[PDB]
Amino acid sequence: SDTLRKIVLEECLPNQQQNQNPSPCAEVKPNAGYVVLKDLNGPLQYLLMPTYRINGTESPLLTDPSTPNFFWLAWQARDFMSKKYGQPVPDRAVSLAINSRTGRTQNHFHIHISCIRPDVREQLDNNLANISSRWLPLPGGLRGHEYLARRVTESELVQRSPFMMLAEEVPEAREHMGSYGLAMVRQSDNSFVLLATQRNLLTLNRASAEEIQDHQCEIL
């Protein structure tokens, strides 16, 4: 359960600090609080994780305003996908996702930056007009699961993180952050859509937001 935490804190960070060599990570920014690591799964997938201990969506630190906006940092890190792709990856192809504890195996905060599934891309595009600033179930859900969705502008994202908005806006999400998985996708009008899904026995929802991603990048 601790391999990623050990890589970050015992390999990347010390190597960055000692030789300015982020290996095995792609980038290590101690002053900003994050690292970027190539994932072993998928040709373009990267992970964005903190340079200090935060275990996942359940961590209380995520609901503190001083905590770095990891989702926005992951968004910026989408360029690592383009570098591996060898050319610019269109924004519409990228998706960011974090899984809850029942939908993950590693206990160190990590956002999956990878390609969005084509069906999810279309499903989101078709509901542009239904996605507002208030969290509301996405019509049709995604992958057979209920997903609350919210429209957000880049300006809003720099002000607050998706976790802050989930906690401040959705009933009882504040006292059950760990039961949620969240994702971020950019919409056709250049705004973004935030997605939140909660663990649910009946629909077999493990709150694994990564399910909207296709690490084999067929959308490209």
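One rule holds for the numbers: they count along the sequence shown, beginning at 1.
Checklist entry - So which stretch wins on mean C-alpha B-factor, 109 to 117 or 143 to 151? => result Stretch with the greater average CA B-factor: 143 to 151.
Going by the mean C-alpha B-factor recorded in the entry, which is higher: 208 to 216 or 15 to 23?
The deposited B-factors put 15 to 23 ahead on the C-alpha mean.
**Q.** Candidate set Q76, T102, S95, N130 [ranked by C-alpha B-factor, highest]
**A.** Reading the PDB entry, the winner on C-alpha B-factor is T102.
*For the listed residues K38, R160, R53, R186, which one has the largest C-alpha B-factor as given in the deposited model?*
Of the options given, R160 has the highest CA B-factor in the PDB entry.
Original post:
In terms of the CA temperature factor given in the entry, to which third of its chain does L201 belong: lowest, middle or highest?
Top reply: Middle third of the chain for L201's C-alpha B-factor.
Could you say whether, by C-alpha temperature factor, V193 belongs to the lowest, middle or highest third of its chain? CA B-factor rank for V193: lowest third.
- Could you say whether, by C-alpha temperature factor, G86 belongs to the lowest, middle or highest third of its chain? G86: CA B-factor falls in the lowest third of its chain.
Problem - Chain third (lowest, middle, highest) by recorded CA B-factor, residue given as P43 - result: It falls in the middle third of the chain.
**Prompt:** Split the chain's modelled residues into thirds by Cα B-factor; is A32 in the lowest, middle or highest one?
**Reply:** Tercile = highest for this residue's CA B-factor.
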